[PDB]
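Here's a solo chain for you in structure tokens, the form deposited in one PDB entry.
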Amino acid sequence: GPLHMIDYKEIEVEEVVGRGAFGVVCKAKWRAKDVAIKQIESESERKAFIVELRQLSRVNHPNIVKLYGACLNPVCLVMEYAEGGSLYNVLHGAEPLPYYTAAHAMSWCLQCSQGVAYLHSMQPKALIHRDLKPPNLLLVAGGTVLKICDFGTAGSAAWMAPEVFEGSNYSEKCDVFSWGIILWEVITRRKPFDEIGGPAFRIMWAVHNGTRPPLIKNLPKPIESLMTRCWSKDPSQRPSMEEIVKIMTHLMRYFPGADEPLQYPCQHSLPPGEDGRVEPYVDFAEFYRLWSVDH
């Protein structure tokens, strides 16, 4: 795909917003447009920079970040600016947190899977993201449109498939595991394996033994099936991302109002930690209503 060579004199850096998977993201202006620039900081992030630049350029999809171009002095990428911030920040970040609905949660997960499905259909070899998690998912258009960023692989223990941290023969089915966890996360508004915590290896061990995050009380069985399939030990028993996009598209019939921008605040307090099952943040009342009207 097309790319622009950037003169750094054409960039006016406004403020530093935070760090990506590598480097530093800064809000900027270029060609009088609102951009986000990602500067390398460690010089050891050179491999990551080359990988992201290599992938983002050939990738072209509504649910993957627009790469506008690159500047080589100093070494930085010029991408689109995400107004809403990361999905992680929307779920768990700074108070006051925005209120969101089951429709949003389902819509976000559909959009995410849409991007990943595109990546998995790349020619001649599939493109695996290898790092799917809410900090690498961005929200634009008032939090109604999701974009995948941070392709530096193409603190992640909670979203990683068991075969990945085992160094084993992993395929694109590891992305499917990640998506499974993300689905659980947006439904519950809980950090996966927050209960476990510790350092990384404590989660890795838990997941490796077959620990998955707790089941959700009152969750629809078709969503529950999809979720628990996505996080099977055997990679072959997980669905394809092509199948996930189709299933999720069809469930959106029972999730209307997904295009309503995040605007209402939320004062969020959490139920007891481990009961076996957890309460969803979102309400499935309307789902069940619209379902029984059809079925």
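Think of the rigid core as the biggest set of C-alphas that the two forms share within 1.5 Å after superposition. For every residue, the number given is its place in the sequence shown, counted from 1.
There is another form of the same protein, the form deposited in another entry; it is not shown, and what comes next is about it.
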After superposing the two forms on their rigid core, pick out the one entry in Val75, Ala103, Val140, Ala117 with a CA shift of 2 Å or more between this form and the one not shown. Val75
Look at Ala48 and decide if its Cα position differs by 2 Å or more between this form and the one not shown after superposing on the rigid core. yes
Any CA movement of 2 Å or more for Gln39 between this form and the one not shown, core superposed? yes
